[PDB]
Amino acid sequence: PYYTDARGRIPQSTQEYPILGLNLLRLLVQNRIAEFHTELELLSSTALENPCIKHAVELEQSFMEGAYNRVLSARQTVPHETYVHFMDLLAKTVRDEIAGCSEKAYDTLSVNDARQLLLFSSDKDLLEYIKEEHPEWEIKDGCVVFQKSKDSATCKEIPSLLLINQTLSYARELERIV
Amino acid sequence: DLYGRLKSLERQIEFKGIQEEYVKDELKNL
Amino acid sequence: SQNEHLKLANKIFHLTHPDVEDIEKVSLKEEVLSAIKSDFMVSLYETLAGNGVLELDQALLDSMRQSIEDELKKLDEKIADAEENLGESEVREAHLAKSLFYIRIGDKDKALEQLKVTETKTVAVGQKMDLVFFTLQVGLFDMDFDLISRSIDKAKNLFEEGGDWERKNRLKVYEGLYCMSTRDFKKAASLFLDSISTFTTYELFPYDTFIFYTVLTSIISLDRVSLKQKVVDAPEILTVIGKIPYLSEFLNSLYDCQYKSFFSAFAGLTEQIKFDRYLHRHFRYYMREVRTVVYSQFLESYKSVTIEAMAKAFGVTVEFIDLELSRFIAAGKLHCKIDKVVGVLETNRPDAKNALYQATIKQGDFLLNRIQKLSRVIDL
Amino acid sequence: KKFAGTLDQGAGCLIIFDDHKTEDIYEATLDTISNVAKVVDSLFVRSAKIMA
Amino acid sequence: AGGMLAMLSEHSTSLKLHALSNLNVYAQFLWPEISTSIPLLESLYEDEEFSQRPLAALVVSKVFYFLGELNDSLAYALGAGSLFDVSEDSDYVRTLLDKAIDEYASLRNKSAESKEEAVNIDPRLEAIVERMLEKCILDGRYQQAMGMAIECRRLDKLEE
Amino acid sequence: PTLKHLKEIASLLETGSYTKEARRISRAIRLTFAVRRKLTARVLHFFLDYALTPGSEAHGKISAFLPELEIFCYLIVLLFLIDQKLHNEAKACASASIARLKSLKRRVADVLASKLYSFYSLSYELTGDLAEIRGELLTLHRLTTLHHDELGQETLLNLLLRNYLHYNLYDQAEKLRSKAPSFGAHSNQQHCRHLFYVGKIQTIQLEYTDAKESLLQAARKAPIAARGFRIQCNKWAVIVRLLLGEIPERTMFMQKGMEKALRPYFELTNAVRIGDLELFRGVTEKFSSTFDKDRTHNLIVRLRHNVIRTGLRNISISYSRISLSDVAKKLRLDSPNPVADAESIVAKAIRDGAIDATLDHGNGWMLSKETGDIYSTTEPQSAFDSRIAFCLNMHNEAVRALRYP
Amino acid sequence: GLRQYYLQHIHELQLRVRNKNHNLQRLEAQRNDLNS
């Protein structure tokens, strides 16, 4: 409220842009993309040119584009120390999202590839991550075995009685009015 | 009298209220 | 009269479509060769504005608006002698033939009040139904797409008493040119047999030309059991398209599976389709339906043929085939599935259930869009 | 387009694959489209009447 | 404004009460932002150490009034005690007084049916209806005071 | 004849007041709008003298700026003030007209006041003072809500949507919707804005499924004469449809008179329909200025994501298998590392389920699941329809529930 | 306080009375056509 309605009464603060970008980064970490873009909407063109706000925008671009390598590399190009915490949290969220995509994509993944996609420095790092966050993953013969769902990607692979009784609801609720 | 207008208005409204059941009865008997 | 109206319309329309037919010049000469004679006054003022200045046309108008009046005043010298000793309303009965002159010479207004005049005169339809054909033909020049909807039913309601096949088979040509003029190539094939049996009017004196026209719409509208019906139409073509080297080679290359030479004359027809009137509104829609019909005819003939075989046998350019097949599978048609790095094209076969369900949900949404918008408009 | 059948490019694989199912549904959609078109006809005509 | 809501989160309880009073003056315009933060204002009303509990209750009751939840608005208005003045010609006060009389008459009617369950009438609701009956008697509107006394089933105020 | 028409309109208003027929006042207001273009200051003052006794405080105040009748004079004068671009005088005359409105305690002033609420604010936008009304009109809605004035209850709420949307108080605009009670569709235009103002917010807040309906709901009821409102209703419906993944049909882009309005919108879909973002940038940049005029630019950024999907929709279905490098190249990404991004792009696409496809990164080859013959279109086919038919049985009963016979 | 407390129900009862009258009349006419 001080940054919105009092802008016509107060000189611009040098800490406005870094804090706004930090909020944007938090929203990205929380996956509140809608609020992120509404805040970008509320920002002026001059603010978007700020290195911090532009950095947040580029990070969102990479996260949407899936350029997780770019996000984790920009972890090095962080302009101000206060961000490092949110950047590490973003890295954890990005690793979780990558794991989620990998589980759906591949039936099996080589451990080398698993490290490469998640950018784990050491084998023990990937092993520890797998053990804690995703116990369902089975490591067999040096390849991560993703236990794909019984019926998910395939279409028309759901329960019969439930669909058909959905038709019950439709029909009975319809004509009883008649 | 000033409170009479509200009391009488309430009496008539309550009387008309039973008209709902009155009509519903004929809507099925008819 | 409206019998050469064909010349007028076709010539002026060629001059006006296809970016003014290259360097517009011979079209403004030969139409003016027909404009400043035969008493034409009304239909070319803006066509003069689409033309050059032609600064002294005033004496060119004054000799003709006087000649307009001389035929007008001899009606004014007929309407009092035809009423003194009346025949069958010989005022009207004279100008029931001279309104079509005034239909050509004037605009529709001198036609429309005199045709509906004489429509109440005659008690047999043999003069009525010829008036309705005159209402149809002006309904094409001024493209009165809503006035043709009335009088076609008012035509068709008259033929049932009697057989009137010269009033029926001529009529089938008029829906045939209307169903092709706008997007309805389905009924175009309807009048295909109709043209097989019709005749040569002033508009289409060349039977070979009418014959070839009934063939361009047939190769879309019907498949090859009906293209065996079209080979019976090709025995009719040994009768008429035997004089045509182009169209005979163009139709049979699809039937003889001469796939490579098929595109050579398809480039000829589509260019001719552009410069032609009345196909030029939809010349881009024709070939993209003829491409997808020539593609899937070959592809349905195999479970899966490699993508580098179609270059040297069907049409050259491997990457040309690549970008073309990629945009049609993505368009939702041409049931196959192309591979890329082992260099093969695979087909499938879907049922006639998913694709038949697809067109239903379009029309169900469209009709409910019609009635929900209607019920808001009425009742406030 | 006679009896079904379609050999592969050179592997010997017929692509004859179809079933017989006249569908109430297609005629049904045709009915609905025509009836809705005439509903719109009546709507426009009777609207012209109300403005008169 | 999210600046007044931020001041409520600070440990200066008196300054939080000042922010609440700033949101009160502004409750008519800022109710859609304040409605998201009702649980913070409820926690300030529940807090026994806070000396300005009645002002927190009055802001909450105004927010529920603008939300259209008149029952919760009445419960918090009864919590505001002396800050809810029956003398004020505000649309907020009139609608809550009408609702207070209706709920009081409903509870009195039920308590007279159930000879076995003394429905515990809140003494604060009775005190508001008393002050309103006394106001009507002071205004010389005896016929209205008699109508209200008959609805409220209060024979003593009918005699008065 | 202008004075004669003014006198006839005044007589119509008096008759409506005596007969208590709000339709009478509606016709009088329609005639008054029919005389807006012939409004002369001398004739207006003559009408004021004819309807206002010389010396009336209301008469004097009205003449200085140059119940039902006293308010009604404010109606035309305020309109003419804006007609003359004297928005500052319309501001005072708007407050002066409304200030009288509070004192009057008659129900017949709802339509006259309701029009005033529309014109009262209108001076403020032209003066740039919509923010100073939130403390002014809102209690005016309170009075309309307090008086059960249904006509005023709706009209003032939408302006609440307008004011908060114009100031981008969209965190607060939805705040209104959750609280505002659903008032019956007594006003054909106003509810459309209420229907449409929800359409804008629904477009803004990602509730696109709800967005399309209310976007269509108002457009379903939008008047033909309000082409801009139709266009505005039609401009927002386009964005959501593109934001919905369903390209609007070309036919809506050939409706007579509104074609010039949607010209930027049609080309945007075609690039989305083509699935190429390069022309997106060219189309967006050239009409970026026009897009700024609509403020839906924020809706524009999201479209590339679907446009990325739209390009994805082409590639996956029209090509069985192609390497990820080919994936980004035909996508024309200016990304320094198209190998990872397109690979990553498919990852989200695979996660989103937008394609029946599988990746082979060991071979760098993507495998679009045979998405041609596949299996039954059912379970979703037979779930989709029922929502539609079930909509009809209520809607058919909606006609049935409206069936008098 | 009498103006803002007691008389307030007069402006409330009539609003519901007006809609109840119309609904009852519509139902009564629907039943009456059938009875006739």
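A quick note on method: Cβ atoms are made from the backbone with ideal geometry, for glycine too, and the neighbour counts reach across all protein chains shown. Since every read-out is calculated from the coordinates, none of them should be taken as a lab result.
To two decimal places, what compactness ratio does segment F:255-301 give when its Cα radius of gyration is scaled by 2.2 N^0.38 Å?
In units of the 2.2 N^0.38 Å rule of thumb, it is 1.13.
Going through the cross-link list C:74/C:108; C:186/F:369; C:230/D:38, which pairs have a Cα-Cα distance over 25 Å in this structure?
Where the Cα-Cα span goes over 25 Å, the pairs concerned are C:186/F:369; C:230/D:38.
Normalised by the number of residues in segment C:1-130, what is the relative contact order in percent for Cα pairs under 8 Å and 6+ residues apart?
Computed over segment C:1-130, the figure is 24 percent.
Under a crude label model (7 Å from the Cα following the beta-carbon direction), how far is residue F:107 from residue F:381 in nanometres?
5.6 nm
Using a simple spin-label model with points 7 Å from Cα along the Cα→Cβ vector, what separation in nm is obtained for residue E:155 and residue C:81?
11.9 nm
Given charges of +1 on the Cβ of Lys and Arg and -1 on the Cβ of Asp and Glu, with all other atoms neutral, how large is the dipole of segment C:4-347 about its Cα centre, in debye to the nearest 20?
The calculation lands at about 1540 debye.
Looking at the P(r) of chain C, how many percent of alpha-carbon pairs lie beyond 39 Å?
36 percent
Rounded to the nearest whole Å³, what is the per residue volume of the convex hull around the Cα atoms of segment C:71-115?
Dividing the Cα hull volume of segment C:71-115 by its residues yields 57 Å³.
Calculated FRET efficiency, residue D:26 and residue E:110, Cβ-Cβ r, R0 56 Å, to nearest 0.05?
That pair, residue D:26 with residue E:110, gives E of 0.30.
How far is it, in nm, from the label point at residue C:59 to the one at residue A:122 when both lie 7 Å from their Cα along the line to the Cβ?
Here the modelled spin labels are 10.9 nm apart.
Could you work out the mean projected area of the convex hull around the alpha carbons of segment E:52-157, in square nanometres to one decimal?
For the Cα atoms of segment E:52-157, the hull's average projected area reads 7.1 nm².
For segment F:124-209, state the average projected area of the convex hull of the C-alpha atoms over all orientations, rounded to one decimal in nm².
For segment F:124-209, averaging the hull's shadow over all directions gives 5.7 nm².
Give the range of the longest stretch in chain A that excludes all chymotrypsin sites (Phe, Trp or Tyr not before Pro) found in loop regions by DSSP and having at most 15 other beta-carbon atoms within 10 Å.
So the longest stretch without any such site is A:4-178.
Which of C:286, C:106, C:36 sits closest to the plus end of the dipole of chain C, meaning its Cα is farthest towards the positive end, when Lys and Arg get +1 and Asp and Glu get -1 on the C-beta?
The residue sitting farthest along the positive end of the dipole is C:286.
Just want the answer: with Cβ charges of +1 for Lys and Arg and -1 for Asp and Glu, which residue in C:155, E:111, C:318 is farthest toward the dipole's positive end in the protein assembly as shown?
Positive-end residue among those listed: C:155.
Which whole-number percentage describes the relative contact order of segment E:7-90, with Cα contacts under 8 Å and a sequence gap of 6 or more?
24 percent
Take every Cα-Cα pair in segment C:26-92 and report what % of them are more than 16 Å apart.
Result for the distance tail: 58 percent.
For segment A:1-177, what does the alpha-carbon gyration tensor say about shape, rounded, prolate or oblate, given a ≥ b ≥ c as the root eigenvalues, a/c under 1.5 as rounded, and a/b over b/c as prolate?
oblate
Could you list the residues of segment C:131-155 with an amide nitrogen less than 14 Å from a label point located 7 Å from the Cα of residue C:112 in the Cα-to-C-beta direction?
Residues C:135-151 qualify, since their backbone N sits under 14 Å from the label point.
Give me the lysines in straight-line cross-link reach of residue F:179: C-alpha distance below 16 Å, same-chain residues under 8 apart excluded.
Partners within reach: E:62.
Work out, in µm²/s and without decimals, the Stokes-Einstein translational diffusion coefficient of segment A:62-157 at 25 °C, 0.890 mPa s, Rh from Kirkwood over C-alpha pairs.
167 µm²/s
Report the gain in length on full extension from residue C:49 to residue C:232: 0.36 nm times residue separation, minus Cα-Cα distance, nm rounded to one decimal.
That pair, residue C:49 and residue C:232, stretches by 60.9 nm at full extension.
I'd like the mean, over residues of C:324-332, of how many other protein chain beta carbons sit within 10 Å of each residue's own Cβ.
For this peptide, the per-residue mean of nearby foreign Cβ atoms is 4.
Cut-off 10 angstrom, C-alpha nodes, Gaussian network model of chain A. Which of A:150, A:92, A:124 fluctuates the most?
Result for chain A, Cα springs under 10 Å: A:150 fluctuates most.
Taking the Cα centre of chain A as origin, work out the dipole magnitude from +1 charges on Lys and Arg Cβ and -1 charges on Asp and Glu Cβ, in debye rounded to 20.
So the magnitude is around 240 debye.
Run the paramagnetic zone check for residue C:314: 7 angstrom along Cα to Cβ, then residues of segment C:239-270 with backbone nitrogen under 14 Å.
The answer is C:257-263.
State the answer as a single residue: which of D:48, D:9, D:36 lies farthest towards the positive end of the charge dipole of chain D, with beta carbon charges of +1 for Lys and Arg and -1 for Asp and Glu, about the Cα centre.
Value computed over the given set: D:48.
Give or take rounding to whole Å, what are the principal axis extents of the alpha carbon atoms in the protein assembly as shown, in descending order?
In descending order, the Cα extents are 117, 109, 73 Å.
Would you mind working out the magnitude of the charge dipole of chain E relative to its Cα centre, with +1 at each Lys and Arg C-beta and -1 at each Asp and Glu C-beta, to the nearest 20 Debye?
Using only the charged Cβ atoms, the result is roughly 220 debye.
Only Cα pairs under 8 Å and at least 6 apart count here; give the relative contact order of segment C:4-347 as a rounded whole percent.
11 percent
Using all Cα-Cα distances in segment F:24-85, what percent lands in each 10 angstrom bin from 0 up to the longest?
Going from the shortest bin to the longest, the percentages are 21, 58, 21.
Would you mind ranking F:196, F:287 by Cβ crowding within 10 Å, fewest neighbours first?
Ordered by Cβ neighbours within 10 Å, fewest first: F:287, F:196.
Using the Cα gyration tensor of segment F:75-167, with a ≥ b ≥ c the square roots of its eigenvalues, what is the shape: rounded (a/c below 1.5), prolate (a/b larger than b/c) or oblate (neither)?
oblate
Given that compact globular proteins tend to follow 2.2 N^0.38 Å, what is the ratio of the alpha-carbon Rg of chain F to that value?
After normalising by residue count via 2.2 N^0.38 Å, the value is 1.27.
Going by how many other beta carbons lie within 10 Å of each one, how would you line up C:131, A:168, fewest first?
Ordered from fewest to most neighbouring Cβ atoms within 10 Å, C:131, A:168 come out as A:168, C:131.
May I ask you to list the GluC sites (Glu not before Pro) in segment F:223-272 that are in a DSSP loop and have at most 14 other Cβ atoms within 10 Å of their Cβ?
F:246, F:249
Per residue, how big is the convex hull of segment F:1-151 when only Cα atoms are used? Give it in Å³.
102 Å³
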